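Fold and geometry: a report
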Protein chains: 2
Amino acid sequence: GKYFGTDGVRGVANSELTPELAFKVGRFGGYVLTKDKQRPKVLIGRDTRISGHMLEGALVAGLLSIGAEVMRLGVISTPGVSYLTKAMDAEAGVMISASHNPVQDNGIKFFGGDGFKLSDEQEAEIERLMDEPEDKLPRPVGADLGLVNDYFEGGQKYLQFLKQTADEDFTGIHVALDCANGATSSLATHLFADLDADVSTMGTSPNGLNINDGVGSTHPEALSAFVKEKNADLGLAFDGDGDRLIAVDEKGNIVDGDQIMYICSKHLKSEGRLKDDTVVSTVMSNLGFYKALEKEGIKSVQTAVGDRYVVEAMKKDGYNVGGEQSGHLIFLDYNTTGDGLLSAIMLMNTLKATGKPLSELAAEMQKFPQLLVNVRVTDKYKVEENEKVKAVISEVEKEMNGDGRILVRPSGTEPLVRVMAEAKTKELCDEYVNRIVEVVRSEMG
Amino acid sequence: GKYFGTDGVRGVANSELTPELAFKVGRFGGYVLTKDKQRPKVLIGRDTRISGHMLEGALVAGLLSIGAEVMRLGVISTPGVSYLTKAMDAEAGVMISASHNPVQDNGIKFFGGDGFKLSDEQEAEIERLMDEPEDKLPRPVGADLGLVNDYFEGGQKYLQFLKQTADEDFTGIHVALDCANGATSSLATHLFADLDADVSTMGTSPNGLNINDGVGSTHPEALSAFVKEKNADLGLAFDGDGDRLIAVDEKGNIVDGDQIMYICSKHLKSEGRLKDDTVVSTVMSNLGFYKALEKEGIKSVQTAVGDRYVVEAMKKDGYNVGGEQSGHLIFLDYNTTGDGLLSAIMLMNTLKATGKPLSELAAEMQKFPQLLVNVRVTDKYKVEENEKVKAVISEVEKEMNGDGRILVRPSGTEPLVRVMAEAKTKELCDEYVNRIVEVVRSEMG
Ligand SMILES: [Mg+2]
Ligand SMILES: [Mg+2]
């Protein structure tokens, strides 16, 4: 009924996301794409998950059973697929991965020919075919059967395109890489060695079991240690499929996606390349990122959470740069989806154009402290309105006067509500939250 | 109910032999083998059929969904699989091919750990699982899932083993190869170039569509032309999966499996290596092959048609050499199934040990002429007994007195009977058949 969430088709591999489903996906999916060509060119990529092989085989089988021309890519980052499908006029690109999730999980994600996600009505038709119980789709025979020519060389192409967006050799910079034991493990090390940086690596020994196991964008603490240990200029932590980037300065502090977006968009404005000097972001972004934008004369468009809205916003009005705090950054001049390595190169560009250390460049955006307090309440759903709670909030907001932010949303999992403040100091956070919290306890408990 | 015929699982690819079935085969097949190891090592090979890829993917998926360790071999001859599985203590070997059949057809064939076909009771259990409508077999998750390490280097191993059975370099011999555009296309050319023979090739440009297309063991007429055209010492014509060999002499005449068996078994007797100086063959063999055996003091055991009986016979009583007229020859000292390249090397061994041309060596076995006549009859099933027909046959037989043979068997397809004589001359054939034929017309018509 719905197999395509916001990440395409996800599940625990073999339990929920069965090789049986990956076959029907590939078989019906290639049908929906058979309205263009009747030999649609389709690219498959995967990350280093052990189940990728089981799913790639079953999925490739379905694509060849309706006549699609299949191009195995091997293990490559999701950006690589997006770039490659558009750069080789393919009708689609599939990526088998579950990003930063644990190893038992896998997923199937589709790209149409433009390098963006598959159109929402195309995904619709697929789902409507997978709920009929009788496959009456064609079964080509003999030479009408699908044909496979592998392209394990495609990584080298994507690599050479990234290398061409480097403004100059990164000589003299000692960089440390955490590749999450995932899709970027071989790509990243070849990319930065080839730009003549000094490269120390970790999380680059994938074996099908160890993806995002205390490594990668979402477990940056290890890379923090490894940078201080090897006295590196910075650390780069991609996630399992290479669409996120989180950095680490020479002093070992985490540099999140808000700060990277700041650092780079300010670099692009400095070169005339940021278009309309605007930057698209989500509501997930820290208040002091907007503050830092106004102080550098960069307008901002804010959207709802989710890659699809950030990219839709940039597309409508020609925007050059977008991103979320998670490390997902889109440089629409170069690639149609978030690209960890691309982010990394723009970051390195800034490091060598300004000669400053990454500590200093991340300083120029002051993050506002946040504070969460969880109030157990009897019925968490009748606080949306309340003359005493909704009042104390509006009071607290205008008092802040744009140098702070409130958010109160009932938990879904549990019988409690989450009160969260951003302010310019931890102490303003404490009081602002405690005002709202103590009147919430006045009703429920 | 029965999916495993004498060639394992055959069908037209995607119509009858669907990627769906290849999945259940791989999934249930690896289960039946999970009673040994619970991570059974399984080898897959294939020929150059375009559908091999679709079936290999689906089949590999099923093997990984019950935890088998899968070793893709790439394209390799059926002998290669048999040799390799036994030489690497694997629990099974799968070969995806349909031999000499047209390209739209494919098949799945299983080898147990000994390098012989899977035990007949193991194949039984598989079939009994594929007729239950509810897969309640395990579904390992996470690291319990199957694991794949490719071994495309395995051809080079099989190649180096064959190269070690060559009694000496084949220098000075100009050999022509017809590889049917199949599994032996890359193996054969590297093997004979490496033994320093002068090598002309044809049917070695496979593209997934052109397997056994007027080339290979069963269409030898092209290789006949190509040998005369390039003035070669001999031609070798393997079939689609490399288990058959048919040769061609310098004058362009076909040398069938009876004659190869003769030529080689006489060579092995000459070196003390033919064991009990016996040779196993089928009833399909030409009468003058037996005659030629008695004249060289080689005993013979004769069996029913089918690889499985020839190999069972050799196994019971330790026999060294066996084979059918089709080119399928077993050299149990070296490999557990028919091996085209192996046959070829034994043949080359003889050519260089005796210095004679292949014309002369094939001369020493005089084939008896055969003759078939087809008699339309009203009910072809009441000639098994007939006082007038069964009498004229016994008469004709004892007259021949062991220098001839009769066979009369009703056609299945049609309303007629086939009368077939072997005699020492075409004229004895003509009369012997016409006697039997004219009394058959005396009843039916
Ligand atoms: Mg991701
Ligand atoms: Mg064969």
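Residues numbered from 1 in each chain as written, not as in the entry; some residues may be left out. Chains lettered and ligands numbered in written order. Heavy atoms only, no water.

Regarding how it was determined, this PDB entry cites X-ray crystallography in its header, along with a resolution of 2.9000 Å.

**Details of unusual backbone geometry**
A positive phi angle, near 65°, is found at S99 of chain B, a position not held by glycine. Relative to the elements of secondary structure, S99 of chain B occurs in the loop between β4 (92–96) and β5 (105–112). (Helix = DSSP H or I, 4+ residues; strand = E, 2+ residues; numbered from the N terminus.)

**Details of the nonpolar core**
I44, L59 and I108 of chain A together with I44, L59 and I108 of chain B are the most contacted members of the largest nonpolar core, which totals 70 residues. Among residues more than four places away in sequence, those in contact with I44 of chain B are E56, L59, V60, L63, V70, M71, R72, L73, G74, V94 and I96 of chain B. (Core = buried A, V, L, I, M, F, W, Y, C linked by side-chain atoms within 4.5 Å. Buried < 20%, exposed > 50% of the residue type's maximum accessible area, 1.4 Å probe, protein only. Contact = heavy atoms within 4.5 Å.)

**Concerning the interface of chain B and chain A**
On the chain A side, the residues contacting the 29 residues of chain B number 29 residues. A combined buried area of about 2300 Å² lies between chain B and chain A, and 67% of that area is made up of carbon and sulfur atoms. Seen at the junction of chain B and chain A, the total is two salt bridges. Of the residues forming the side of chain B that touches chain A, the biggest block, seven residues, is contributed by helix α2 (residues 51–64) of chain B. Residue classes in the side of chain B that touches chain A are distributed as 16 nonpolar, ten polar and three charged. (Buried area = accessible area lost by both parts, 1.4 Å probe. Salt bridge = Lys/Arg side-chain N within 4 Å of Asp/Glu carboxyl O. Nonpolar A, V, L, I, M, F, W, Y, C, P; charged D, E, K, R; others polar.)

**Some thoughts on the coordination of the magnesium ion (ligand 2)**
Residue and element names in this part refer to chain B. Protein coordination of the magnesium ion (ligand 2) is provided by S99 (OG), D239 (OD), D241 (OD) and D243 (OD), with donor distances spanning 1.8 to 2.4 Å. Motif for the magnesium ion (ligand 2), donor spacing along one chain: S-x139-D-x1-D-x1-D. One exposure class covers both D239 and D241, and it is buried. (Donors = N, O, S within 2.8 Å, 3.2 Å for Na, K, Ca; no water.)

**So, the coordination of the magnesium ion (ligand 1)**
All names here are of chain A. At the metal site, the magnesium ion (ligand 1) is ligated by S99 (OG), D239 (OD), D241 (OD) and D243 (OD), and these contacts range over 1.8 to 2.4 Å. Counting gaps between the donor residues of the magnesium ion (ligand 1) yields the pattern S-x139-D-x1-D-x1-D. Here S99 is found in the loop between β4 (92–96) and β5 (105–112), whereas its partner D241 is found in the loop between β9 (234–238) and β10 (245–248), with 142 residues between them in sequence. Of the two residues, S99 and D241, neither departs from the other in class, the shared state being buried.

**A word on the domain arrangement of chain A**
Where interface size is quoted, it is often the accessible area lost as the parts come together. On domain assignment, one finds that chain A holds domain 1 (9–155) and domain 2 (370–443). On a C-alpha basis, the centroid separation for the pair domain 1 of chain A and domain 2 of chain A is 46 Å. (Domains from an automatic or database assignment.)

**Details of the UniProt feature "active site" in chain A**
All names here are of chain A. As recorded in UniProt, the sites labelled "active site" are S99. By relative accessible area, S99 is classed as buried at 6%. Leave out the neighbours within four places in its chain, and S99 touches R10, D47, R49, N212, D239, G240, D241 and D243. (UniProt positions renumbered as here; feature names shortened; annotations may be inferred.)

**Concerning helix α7 (residues 221–230) of chain A**
Residue and element names in this part refer to chain A. Taken as a whole, α7 has its buried residues at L223, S224, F226 and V227. Contacts from the buried residues of α7 go to β7 (174–178), β8 (198–202), β9 and β10. Following α7 by one or two positions, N231 has its phi on the positive side, about 50°.

**Section: the sheet that holds strand β14 (residues 321–323) of chain A**
All names here are of chain A. Read across the sheet, four strands follow the order β13-β12-β14-β15 without closing on themselves; strand pairing throughout is mixed. Among the strands making up the open sheet, the edge pair consists of β13 (299–303) and β15 (329–331). The average angle at which neighbouring strand axes cross in this sheet is 20°, direction not considered. Two elements, strand β12 (residues 278–282) and β13, share five bridges in a ladder whose sense is parallel. Across the sheet, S281 pairs through a bridge with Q302, a residue of β13. Those strands touched by helix α9 (residues 287–295) are β12 and β13, and its axis lies near 175° from that of β12. (Pairing = 2+ DSSP bridges. Axes fitted to C-alpha atoms, helices over the stretch in contact; angles between N-to-C directions.)

**Some details on the packing of aromatic side chains**
Taken as a whole and judged by the stated rule, the model has eight aromatic pairs over all chains. Seen in terms of ring centroids, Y83 of chain A and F161 of chain A are 4.2 Å apart; in terms of plane orientation they differ by 25°. Their pairing is stacked. Taken together, the residues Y83 of chain A in helix α3 (residues 78–87) and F161 of chain A in helix α5 (residues 154–164) connect sequence positions 78 residues apart. Three or more aromatic residues joined by ring pairs form one cluster here, namely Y83, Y158 and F161 of chain A. Lying over the aromatic face of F116 of chain B, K315 of chain B brings its terminal NZ or CZ to 3.6 Å of the ring centre. (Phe/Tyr/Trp six-rings, centres within 6.5 Å; stacked < 30°, edge-to-face > 60°. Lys NZ or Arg CZ within 6 Å of the ring centre and 35° of its normal.)

**Things to note about the side chain of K163 of chain A**
All names here are of chain A. Within the fold, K163 resides in helix α5. Only 3.0 Å separates the side chain of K163 from the side chain of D194, close enough to count as a polar contact. Those residues in contact with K163 that lie beyond four places of it in its chain are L191, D194 and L195. (Polar contact = N/O pair within 3.5 Å; in protein donor to acceptor, adjacent residues only side chain to side chain.)

**So, the packing of helix α3 (residues 78–87) of chain B against helix α5 (residues 154–164) of chain B**
Residue and element names in this part refer to chain B. Across the interface, α3 lies against α5 with an axial gap of 10 Å and an inter-helix angle of 90°. The pairing of α3 with α5 is recorded here as roughly perpendicular in orientation. Across from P79, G80, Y83 and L84 in α3, the residues of α5 making contact are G154, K157, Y158 and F161. Counted by class, the contact of α3 with α5 contains five nonpolar, two polar and one charged residues. (Parallel < 35°, antiparallel > 145°, perpendicular 65-115°, else oblique.)

**Quick look at the UniProt feature "binding site: Mg(2+)" in chain A**
Residue and element names in this part refer to chain A. UniProt records the feature "binding site: Mg(2+)" at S99, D239, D241 and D243, using the numbering of this structure. Spanning 145 residues, the named residues nonetheless gather at one spot, since no C-alpha pair among them exceeds 8.2 Å. Here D241 is in contact with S77, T78, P79, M95, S97, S99 and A183, once residues within four sequence places are set aside. Reaching out from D241, the side chain makes a polar contact with the side chain of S99 at a distance of 3.1 Å. Mapped onto the fold, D243 is located in the loop between β9 and β10. Take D243: its relative accessible area is 9%, and that puts it in the buried class. Setting aside residues no more than four positions away along its own chain, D243 makes contact with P79, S99, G327, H328, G338, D339 and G340.

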